[PDB]
Structures are given as C-alpha cells and as structure tokens.
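Protein chains in written order, with the entry's author numbering: chain A, 1 to 237; chain B, 1 to 237; chain C, 1 to 237; chain D, 1 to 237.
Ideal placement from N, C-alpha and C gives every residue a C-beta, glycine not left out.
Number of protein chains: 4
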Amino acid sequence: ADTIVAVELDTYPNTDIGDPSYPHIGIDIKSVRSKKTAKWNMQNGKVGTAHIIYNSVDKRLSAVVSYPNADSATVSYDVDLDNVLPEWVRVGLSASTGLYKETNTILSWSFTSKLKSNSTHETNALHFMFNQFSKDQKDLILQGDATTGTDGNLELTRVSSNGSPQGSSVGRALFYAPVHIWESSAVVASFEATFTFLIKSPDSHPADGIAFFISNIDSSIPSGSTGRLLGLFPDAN
Amino acid sequence: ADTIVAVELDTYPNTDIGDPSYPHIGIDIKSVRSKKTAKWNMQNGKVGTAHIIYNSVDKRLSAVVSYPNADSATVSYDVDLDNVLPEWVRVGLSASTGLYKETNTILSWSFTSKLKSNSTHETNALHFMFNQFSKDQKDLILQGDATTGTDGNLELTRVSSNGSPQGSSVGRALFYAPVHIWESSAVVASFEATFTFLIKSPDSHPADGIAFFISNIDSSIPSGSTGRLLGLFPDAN
Amino acid sequence: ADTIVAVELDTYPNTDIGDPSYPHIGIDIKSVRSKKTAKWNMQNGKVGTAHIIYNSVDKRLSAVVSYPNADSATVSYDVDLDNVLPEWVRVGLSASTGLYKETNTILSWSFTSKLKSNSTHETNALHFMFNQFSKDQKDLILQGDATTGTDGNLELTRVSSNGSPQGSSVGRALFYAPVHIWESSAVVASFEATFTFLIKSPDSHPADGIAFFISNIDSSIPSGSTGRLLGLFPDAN
Amino acid sequence: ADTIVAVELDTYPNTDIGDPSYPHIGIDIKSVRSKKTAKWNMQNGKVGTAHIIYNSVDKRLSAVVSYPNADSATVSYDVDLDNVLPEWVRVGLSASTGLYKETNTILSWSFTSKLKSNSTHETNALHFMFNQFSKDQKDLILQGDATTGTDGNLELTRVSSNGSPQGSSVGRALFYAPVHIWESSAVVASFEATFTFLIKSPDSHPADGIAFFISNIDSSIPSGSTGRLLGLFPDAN
Ligand SMILES: [Ca+2]
Ligand SMILES: [Ca+2]
Ligand SMILES: [Ca+2]
Ligand SMILES: [Ca+2]
Ligand SMILES: [Mn+2]
Ligand SMILES: [Mn+2]
Ligand SMILES: [Mn+2]
Ligand SMILES: [Mn+2]
Numbered sequence: 001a002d003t004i005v006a007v008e009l010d011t012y013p014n015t016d017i018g019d020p021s022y023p024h025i026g027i028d029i030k031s032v033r034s035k036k037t038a039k040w041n042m043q044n045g046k047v048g049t050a051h052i053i054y055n056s057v058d059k060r061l062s063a064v065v066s067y068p069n070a071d072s073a074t075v076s077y078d079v080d081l082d083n084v085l086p087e088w089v090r091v092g093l094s095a096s097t098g099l100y101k102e103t104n105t106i107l108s109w110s111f112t113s114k115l116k117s118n119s120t121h122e123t124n125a126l127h128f129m130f131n132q133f134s135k136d137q138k139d140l141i142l143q144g145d146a147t148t149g150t151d152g153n154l155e156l157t158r159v160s161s162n163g164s165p166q167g168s169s170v171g172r173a174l175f176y177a178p179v180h181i182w183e184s185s186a187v188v189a190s191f192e193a194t195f196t197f198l199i200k201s202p203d204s205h206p207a208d209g210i211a212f213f214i215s216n217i218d219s220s221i222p223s224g225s226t227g228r229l230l231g232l233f234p235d236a237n
Numbered sequence: 001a002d003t004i005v006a007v008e009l010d011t012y013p014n015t016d017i018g019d020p021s022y023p024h025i026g027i028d029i030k031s032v033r034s035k036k037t038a039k040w041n042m043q044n045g046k047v048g049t050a051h052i053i054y055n056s057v058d059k060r061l062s063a064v065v066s067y068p069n070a071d072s073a074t075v076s077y078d079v080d081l082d083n084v085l086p087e088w089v090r091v092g093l094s095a096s097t098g099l100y101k102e103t104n105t106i107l108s109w110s111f112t113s114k115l116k117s118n119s120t121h122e123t124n125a126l127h128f129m130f131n132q133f134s135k136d137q138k139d140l141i142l143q144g145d146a147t148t149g150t151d152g153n154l155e156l157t158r159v160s161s162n163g164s165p166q167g168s169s170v171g172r173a174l175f176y177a178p179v180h181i182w183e184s185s186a187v188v189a190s191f192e193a194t195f196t197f198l199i200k201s202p203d204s205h206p207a208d209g210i211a212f213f214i215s216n217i218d219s220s221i222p223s224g225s226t227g228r229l230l231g232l233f234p235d236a237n
Numbered sequence: 001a002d003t004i005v006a007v008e009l010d011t012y013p014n015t016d017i018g019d020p021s022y023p024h025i026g027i028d029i030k031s032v033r034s035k036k037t038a039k040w041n042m043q044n045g046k047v048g049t050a051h052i053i054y055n056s057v058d059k060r061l062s063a064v065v066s067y068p069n070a071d072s073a074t075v076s077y078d079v080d081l082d083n084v085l086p087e088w089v090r091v092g093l094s095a096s097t098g099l100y101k102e103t104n105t106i107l108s109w110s111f112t113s114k115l116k117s118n119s120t121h122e123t124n125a126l127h128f129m130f131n132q133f134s135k136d137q138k139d140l141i142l143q144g145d146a147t148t149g150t151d152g153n154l155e156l157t158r159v160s161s162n163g164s165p166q167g168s169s170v171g172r173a174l175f176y177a178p179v180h181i182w183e184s185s186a187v188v189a190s191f192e193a194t195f196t197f198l199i200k201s202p203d204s205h206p207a208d209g210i211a212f213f214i215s216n217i218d219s220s221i222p223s224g225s226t227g228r229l230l231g232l233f234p235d236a237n
Numbered sequence: 001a002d003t004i005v006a007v008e009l010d011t012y013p014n015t016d017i018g019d020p021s022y023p024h025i026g027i028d029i030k031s032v033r034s035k036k037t038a039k040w041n042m043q044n045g046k047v048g049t050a051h052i053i054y055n056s057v058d059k060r061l062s063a064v065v066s067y068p069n070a071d072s073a074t075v076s077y078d079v080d081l082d083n084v085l086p087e088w089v090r091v092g093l094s095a096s097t098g099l100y101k102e103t104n105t106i107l108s109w110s111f112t113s114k115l116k117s118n119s120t121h122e123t124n125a126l127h128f129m130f131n132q133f134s135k136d137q138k139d140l141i142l143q144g145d146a147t148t149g150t151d152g153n154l155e156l157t158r159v160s161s162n163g164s165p166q167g168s169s170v171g172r173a174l175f176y177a178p179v180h181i182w183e184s185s186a187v188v189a190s191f192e193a194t195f196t197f198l199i200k201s202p203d204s205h206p207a208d209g210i211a212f213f214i215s216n217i218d219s220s221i222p223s224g225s226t227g228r229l230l231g232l233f234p235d236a237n
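In structure tokens form, the structure reads like this:
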C-alpha cells in the first residue's frame, strides 16, 4: 500500500475510528486514526486557510487553520518524517464525501521545500504557488473526481452543474514534480505548505474533509476510500 | 520538429552557419543561426555564470555571462515568446561535443517563472534551485549522455573515468514539471534562469557549447545534433 | 531638490501640464510631465493592482495595472536608471488630493530588488511584502498625512472619521531600509513592485492619484505638492 | 539593558561561566550562560555555514553549523520568543576577541522573516541576502570595530593591514530595517537565518566567537563586552 503522511481538515466526526465528537484538524501518520487532533470550528461557506510546516532538525509536523474574523486551531506531532516517508515523495491535496457531502474547493495552494547541504551554504529548493487553476493544469496530476478550471478553482470532489456538492466522491491533486525531502548531505530539510479552501454544504452535517498529504511518488487513490477515509487510506486501521 | 528558444554559450566558431569567428553568446529562436550574438571571452577551466531574463510586457530575451575577476558579455533580442512557444513548455540545459571536445559541467541551476493574473494581485509561480545533483535526481529528465552525481554535478556530455571529455557526445537535462509561460488572464509573465558551469578542455580549441533552452514539453534530442547543433536542432537551417 | 522616478496612477487630467484628457498611467522621470502615458480606465470604488518592473540589462521601466474582470493598461519607457538615480535609493508610495479628492488606500505592497555580481553566482537581494499595516508600522517611514492601521490598511491621504476622503492632502510611505540598485560588480540589477489600491470618491471627478516612486534616500514631500504634483514634485516643470 | 536572544559559535571555552571544555555552539536567552550547548568541531581557517530557524507554533529555536567535508553540529532549545523579545526587533551578527584572538569574517548573510495572518492567506515578509559587502553598505548598521568592503567581506572584529586579527576587539552588524516578529493577527510567525564565516587565527587557541542575534531595535554594544561576552552581554550573569 501507499505510505501517507497528512494533515486532515476533518469535517465529520466518525467516533468509532477515534475521531473526536466535533470537526477537527489532525495529523495522520500512515493511518486515518490521527496521532493528534485539535478542535476545529469549521464554518460552512466561508473561505479558510491552512498552513503546514516541518523541518528535519526539530522533527515536528505542525499545522494551523483559520478563517478571517476568527481564532485559529492548531495541532502538532513529534515525528521524524525520514523514518516514515521515502527520500522522494509527491505532495498533494485530497478530499472526499460519502453519504454526507460538501464542496471541497481549493482556491489557492502553495508549497516550498528546501534541502540545505554542507557545501558552501548550498541551498536546493522547490517552490510552487497556484492562485488559479485552469482547465488544463498540466503541472497537476488530477486523480478521481478532481477537476480544475471551474471558476478558476480546483474542485477536489464532484460538484453538479448547478453547484450542489455530490456524495460518494473522492478526488486528489498532486504536484507533477517529485519532491526531495532527504539527502545524505542535507544538514537541514524543511517544507511549508499553505492552501485556501471553501467547504460548503446545503446540510447541517457536512462531510468528509480535505487533507494536505505527502506520499510515495506513485501514490493513487485507494479503492473504497470515499467518505471517512479521505481518499488517503484503504481502511480504518 | 521541436520548437526551441535558447541562449547558447557557443565555444566553437562555425563560420559557415553564421557564427562569428570567436566564442560567443547568442540568442536562438527556432534556429541554430542566432538572431543576435556577442563576443564571449570564454575561459577554459574556470567556473562561469550565465543569467537569462524575460518578461511578456517588454518582450525582450536577454542574457549575461561572466567569470569572477572578469568583465561580462551580454546579448538581447526583441521577441514575443508567446508567438514562438506554446503555452506550456519545459525548460532545460543542453550541451554537445563533436570532433572537438570539452567538459560541459553544470554546478548549479536555478529558475523562476511567474504568471500574475488580474485577480486580487494573483501570483502563480514556479521556482527550483539545484546546487547539487545526486545519482538519482528524479526531478530531472536526463537525455542522451547527461549524467548526475559525479562529484555532485550534472555532466551534460560524456566524461571518461579519468576526467577527460569525450567527443561526439550530446546530453540534456529538463526540469520534470511542465512550465506555464502564458495564460489568458496573465497581465505579466516573466522568467529568470541562472546556471553555473565549468567548461574544460585539454585542447586549444574546445567545442561545442552549452545552452539554456525552452521547448515543447515533449522535446527530445534531435538525431545527429552532436557538435555544432548543440543537442537542440536537427539541422543548420 | 529630490530626484524622483515614478509610475503614476493619475486620476485627474491636468491638460495644461501635458496630461491626456482622461485618467492615465504614466512613467515620470524627474518631472510630473510624464515621458510616456497610456489610457487607464480607472474604476471608482474597486480594488486594483499595479505592477512595476525594471532591469539594468534592458533598461526599460514598465508597468501594468488592472482590476478583476477588466482588461489591463500598460506603459513602458526606455531609460537607464543608473543615469537618473543614485546608487542607493528609497522606495515608496505617494498620493495626493487637491480641491478634487479621493481615498488613496493601499491594501498591499510588495517589492523585490536584486543585485547579481560576477562572484560565484552571487546574489544580493531585498524583499518585503505588506498585506496588512498596523498602527505602529516601524519599517515604514510615513510622511505627510499618511497613516497605517485603519482597517489594517495604509491610507496615503486624509480620510475623515466617517470615511469621506479629504481634499488638499498629501501623504507618502517609504520602506525604512535604503535599497541598493547599482554596484560596480553587478552584472544584472532588477526590481519589481506590486501594490493593491482602493481609490474611492463621492464625486464624478476623483483626484489626484497614487504613485510608486524611487528617490534619493533622504526624500521628503516637496512644499506645495498637493493635488496635481502627487506629493512628488515641487513644480510642474 | 538590552534584551538579547542569540546563537553563539563559541570558539574559546570559558569554564567558569558554564562553557563546556571545548569549542561549542549554544543558544543564549538573555545570558551569555547558554541554556543549551553542543560540541562544535571548529576548523581554523575554513569557511563554515550556520543556519538558525524558529517558528511561533513550535516555539523551538534551533541551529545547525557545518563545514564542507565534515559532519554538522546542532543545538535546540524550547523557548517562546514572544515571551522574551519585544514585538519589533533588529537582527544582527556580533563577534569579539580578547587576549586570545581570531578573524571574524562574514562572507554571506541571509535572513527571512514571515508573519502570516488570518486574513485571506495573508503573508507579510522580510528577506535580505548579502553575498558581498561594499565599503558603504548603507543597509547595515555597523557597531564597534565592524567594517565592510575589505575583499567584499564583513569583518566583525579588527584585522590589521597585513591580515592579522587583533585582540581586544568587538564589532556588530545589524540590518537597518526593524523586523516584526509578532502581531496580534499572526497565526504563524517564523524566521530563518544563514551566514557563512571564516574564523582564522595564527594561534592554537582562537577566541572568542561569532553570534547571530535578535535584540531590541535600539541595541548597542555593552561596555566591556570584548572577549567572552561576545559583544552581546554586559556581564556573565
Ligand atoms: Ca471523519
Ligand atoms: Ca558553434
Ligand atoms: Ca493629473
Ligand atoms: Ca567562550
Ligand atoms: Mn479525523
Ligand atoms: Mn553560435
Ligand atoms: Mn499625469
Ligand atoms: Mn559559550
């Protein structure tokens, strides 16, 4: 199976798989059962922003999410990612719906990774920033129901012609280039990601969420990963 | 055939195809016969640096090359690249040798492209920086004789075990991700590239040169493009 | 007197000093009488974005301005800025009103300057980005009526408690650090600036405009530079 | 007195003030008596590179130092800098010698600070990079014996005409612009710094070291802070 590290914006509480009884943000290391969560006061229909940061010296994966006019939510987990992920990875965004649903619209996505070696300073870096997504966004690998270009946005899950979100949907977008997160000569490795999202639902119970993830380069959507599995995991182990 | 825009660091004067009678830097638009050249005082065995810049407002492709302790050489050509290249391209480095030879070693390579739309500011960007190249540089598409990892460098053309450059060699490295240089909503598009190189030869007449190029995404080395054709063009038209 | 290079967003046509008979964007080199202008379809009450770019190889100062859902306006002028400005400068934003008035609100401002020498690659750079302005923005030198912190914005000219713009006002904001735009070893120098603005007026004839400018480090608002002089020039010569 | 946070590259072991019995890297919070140290295999006459990183979510100040062909040394300390430093600070480099001496040459210095608010994404940033220092580096506040321009470098402490380091010297360089490290709306604040240095001595016992520091904006060299006090502290408390 794939190897997944993710920060989840989980909109629907699945208490039998360890979710708290409210929408939450979480850090997922090879399991949908988060290693750490924090309460997230998700706002239906408002544009929010999530930030994810990590470096190989501190070995702490941290995330912060907020909305304008509102307090933030944050979560952190101590994990050496070089012991979890391979040296080369792909990065992406994933989202899903099940019998409960919501739009999983991405309005912007940015990412910066750095590998500093011991050669004279010696910086190696990758950076990308999307503030619009066109109909043929060639530097994105779209998987499942993910589409780009509708209103210049990235719609991770299926949305009908009228704008209504559909249930039983799963979609992901991965940056085309592989990303180097470890090197034998690296003295410090770091990454930061930011994305802005619009989660909207006609219902009082939206589902299922959006995640920023890092995976083996050949990662694909696991069979049956709609709903609670967020398009990331093949089961709830 | 491929569509090529390139800045050439041409070390060997081929006067019958329009080269001046000395090493030179040139701007190549769909032909090895440069649209513009400038004299280049190439130094055998020294590390040099080339810079390339362009934006869609000014529509002028410019380049500067220098060595420490030395004056620079520069060349510019007015060209609307949106009338030459497709909307999506790949960027790369190419080099060749023929009966005359030289090492075509790249020590660093950086690139930044930006597409600013008319939406609130609205920046879209790609940036990469290589200051080392490992044995398995997965974000580089290596073509021909190009290799990475020998002394942490990118060797565009073949070098023997002892370090001697080989003749009749051609190699290229392209960044893995496609690059977006035009968009219908873009109000300004720009790119800048920098690379550091070491051209060394045991001979008084090194050949053939190194080029930074932009091409259709599916670009490949043209058959018979060793020597004077710089791994970029199928003929000298 | 000060030495000023500016890109003006001129909202009021002063035909006796060479302005065209409509709102326009212009490039100003040591005079309020622009060396080059282009028609600007200014929209009262909408947030717009201006971009300014320049490099020492091409020696062309260019600007583009737009609004969402609208076409852009652009202007360019060939000028070697090293022949106009001193080696060290300050950069800023200026605005004014006269008997006619408007708000001159800045919502964001970013700037990047680079000096690349001939030493191994050798990059020198300054970058700043403001997306909010607090009450005590210590890295900004505020001049005249300029204030920060009202709604997290930079108000270049005076606005009343109720939000109405006031006439006969002039204000500027300069970044605190001096900026290096030339060096004897520089092989390429470049700068880019972006700002987002909101110009609103209760009147059918707003005045007078906003400009991005570059000046001697000790630049101050010239006496009597309200209205048509944009807080930049001491007279209309 | 000033408020100082610093990462010290301490070349001389002063055991009575808590230094370990070997050259070391340390994190200093309001005292020359480091809160945390690690052994540093300092190499006389070789160019080395230090990296410093911090963010307000993790609240961990970390540093790594290395030389080409050598292993790194690293140190980390959990500290909420918003509880130590004021909201606005200046950043700089400091160095000293006493009866024992060394050159404290800086070859490059870069710094990036970011304040991300909860407004739509909302990035605020400062970045500077020096790869050369000229004779009149106006964006640097030089203090004490610090000079720029000799071989394009920043010499923190006094060096004679012949190149010999002098004892009883203290010098600092601070970036001219104040830096904003906290804001009421900031959801994440971060900074990273890098500098390359050349510490050389004719003696088997070099002294005293170089530090990257953050201080109140009006920070000045404390009286009698030569030698073991690194130009940062007024005493050894
Ligand atoms: Ca759930
Ligand atoms: Ca040739
Ligand atoms: Ca006017
Ligand atoms: Ca000591
Ligand atoms: Mn969950
Ligand atoms: Mn040629
Ligand atoms: Mn005008
Ligand atoms: Mn110590």
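Contacts around residue i, its chain only, beta-carbon distance under 6 Å, and the 5 residues preceding and following it disregarded
i        : result
D:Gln132 : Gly152
C:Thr123 : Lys116
Residue-level contact to chain A via CB, residue i, 7 Å cutoff
i        : result
D:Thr112 : no
D:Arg60  : yes
The beta strand (DSSP E) enclosing residue i, as first and last residue numbers
i                      : result
B:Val170               : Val170 to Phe175
B:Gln143               : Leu140 to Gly144
A:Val65                : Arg60 to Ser66
C:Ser201               : That residue, C:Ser201, is in no beta strand (DSSP E); it is neither H nor E in DSSP.
residue 254 of chain B : Since the displayed chain B opens at 1 and closes at 237, residue 254 of chain B lies outside it and no answer follows.
A:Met129               : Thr123 to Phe130
D:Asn55                : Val47 to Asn55
D:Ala6                 : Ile4 to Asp10
A:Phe111               : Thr105 to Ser117
C-beta neighbour in chain B for residue i, strict 7 Å
i       : result
C:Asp82 : no
A:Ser96 : no
Straight-line gap, residue i to residue j (C-alpha atoms, nearest Å)
i                      : j        : result
A:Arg60                : D:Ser108 : 29 Å
B:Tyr176               : C:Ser160 : 55 Å
C:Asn44                : C:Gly26  : 19 Å
C:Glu102               : C:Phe128 : 27 Å
D:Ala50                : A:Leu154 : 40 Å
B:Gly227               : B:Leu140 : 23 Å
residue 241 of chain C : C:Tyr100 : Residue 241 of chain C cannot be examined here, being either before or after the span of chain C that is shown, 1 to 237.
B:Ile214               : A:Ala1   : 38 Å
C:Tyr77                : C:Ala146 : 29 Å
B:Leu229               : B:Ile17  : 10 Å
A:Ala125               : D:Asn69  : 21 Å
A:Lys36                : A:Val84  : 16 Å
A:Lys138               : B:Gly92  : 17 Å
Nonlocal neighbours in the same chain, by C-beta distance under 7 Å from residue i, ignoring five residues either side
i        : result
A:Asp82  : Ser56 and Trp182
D:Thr11  : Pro23, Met42, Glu102, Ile199, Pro206, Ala207, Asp208 and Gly209
D:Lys135 : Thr148 and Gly149
Chain D within 7 Å of residue i, Cβ atoms only
i        : result
A:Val64  : yes
C:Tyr176 : yes
C:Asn131 : yes
Spatial neighbours of residue i in its chain, beta-carbon cut-off 8 Å, leaving aside the 5 residues before and after
i       : result
D:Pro20 : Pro13, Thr37 and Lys39
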